[PDB]
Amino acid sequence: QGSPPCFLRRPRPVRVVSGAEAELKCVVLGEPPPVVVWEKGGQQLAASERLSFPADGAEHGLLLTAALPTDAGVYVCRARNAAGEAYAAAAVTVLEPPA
């Protein structure tokens, strides 16, 4: 009965000011419901006080509570089940105050 993961909604780029929240979101289908992980710089990201992964059924997000300049870059959303994998990426830009 398996069917592979697919995206209904993919993560979108976001441009934020340093210190502000940054959020990426995806909505994924598949059977069984896919497991979603997020990768940056070749490495799977782990939940902490500054990085969470809110989810509500098919909706899965990534939330930086206070984005730092070192949080900028390409984030990859990887959705997986027995049938297959789906991938989609999005760039986070973080703008630092002048001078």
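The numbering used is simple: start at 1 and walk along the sequence shown.
The maximum CA B-factor among the listed residues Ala46, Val36, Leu64, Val74, taken from the PDB record, is found at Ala46.
For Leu95, the recorded CA B-factor ranks within the highest third of the chain. Only modelled residues enter the ranking. The PDB entry assigns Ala55 a C-alpha temperature factor belonging to the highest third of its chain's modelled residues. Split the chain's modelled residues into thirds by C-alpha temperature factor. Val14 is in the highest one.
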